[PDB]
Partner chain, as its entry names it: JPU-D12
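Shown below, as structure tokens, is a lone chain in the form deposited without its partner chain; questions about how it binds or moves come after it.
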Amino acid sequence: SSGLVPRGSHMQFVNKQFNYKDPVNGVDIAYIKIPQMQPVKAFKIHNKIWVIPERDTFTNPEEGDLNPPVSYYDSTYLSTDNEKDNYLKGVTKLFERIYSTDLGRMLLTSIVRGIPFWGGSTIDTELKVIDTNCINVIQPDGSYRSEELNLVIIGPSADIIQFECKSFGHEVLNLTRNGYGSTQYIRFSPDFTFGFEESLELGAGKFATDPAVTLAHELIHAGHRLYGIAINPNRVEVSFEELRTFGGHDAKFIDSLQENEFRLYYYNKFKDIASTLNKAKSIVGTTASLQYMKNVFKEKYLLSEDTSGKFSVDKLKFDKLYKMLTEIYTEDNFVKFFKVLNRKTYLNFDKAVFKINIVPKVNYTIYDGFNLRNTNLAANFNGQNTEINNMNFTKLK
């Protein structure tokens, strides 16, 4: 058993209990293409969110090969259909675990509403979608259709443990730093994890990071980049972006004056988006209504509208959204909600990498994770202890 529905009748975020064996339908199970490649079978777990149970050899023309030149390699991983089915069920299980918390519900909600801005036109009075913010969805008859999306969960590239949140860029615009946003691609695996040492209070213990926490870390990156408020990776050796995402006392090392300069910068960035929406008179993209799309982005950025239908940015409303995305949505805050053990700083991880399997509910539950209640794994985070609960963790190098 998987234990995907601990309470209720159906899963609360993921729309279907997908099997990889399930036939394509062109709606939530289909072969897709990322804007040369071979069509891959993907699954739509939620609105604007797709899952591709394949190793990432598509997004980067320099990483189209699973060749080994903190890391781990295995070119045989995620090659059989059984693994792809286990990957798929593992990811959906982590979403439900994340969505089982108040913080996770808010984060996922913010992500879905964070539709990438329509700013692909050269006419400043014309709204146009950006091609890289879409995927081609093959139908049963064999025809394409362009579908917009916000988030894609895909398998890791050559280096398996190296999880990251990346997206396609613009030759002129910086979609992740101008407030627009772009379709985020998260390289992730629910079949692996990394370790960290912790003196619990004998000697220090060897624990493993809850994969739910790690996925949440990447989703926070996505939230930043979907609303185009991510920090430039030049700001650092650990970047400010990673330090903000981790949260806790880590993010406090960024001086408050620097924070105010950022917050005011994106406040004006959202203002430019408001002015663009006001000058929008035409729209390219057939059926898509201009009035409907203006409302979509009014909803997204929480813009005010007067009697004459003019959009504008409310000050204390922006600060609410900004604080939510940057200060409330942190890895540290998720650790508190999950009530699990985690490293106290972003870089406080060892080189240890473990093979896991969170799908069986005898191994991992939506409510508790590894630390199963009513057992000996509920005390002192024994479920995350690689020594005690060794049956759940296989040491790798």
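Numbering follows the first chain given and starts at 1.
Only in words, not in the display: the form solved in complex with its partner chain, which the text now covers.
Taking a 4.5 Å heavy atom cutoff to its partner chain in the bound PDB entry, the contact residue among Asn268, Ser282, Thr76, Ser289 is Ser289. Taking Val313, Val152, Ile115, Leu277 one by one, only a single residue has any non-hydrogen atom within 4.5 Å of its partner chain in the bound PDB entry, and it is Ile115. Contact annotation for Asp306: none of its heavy atoms lies within 4.5 Å of its partner chain in the bound PDB entry. Within this chain, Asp124 is remote from the site of its partner chain in the bound PDB entry, having no heavy atom within 4.5 Å. Shown here without its partner chain, the chain has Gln291, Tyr292, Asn295, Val296, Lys298, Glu299 in 291-325 lying with a heavy atom within 4.5 Å of that partner in the bound PDB entry.
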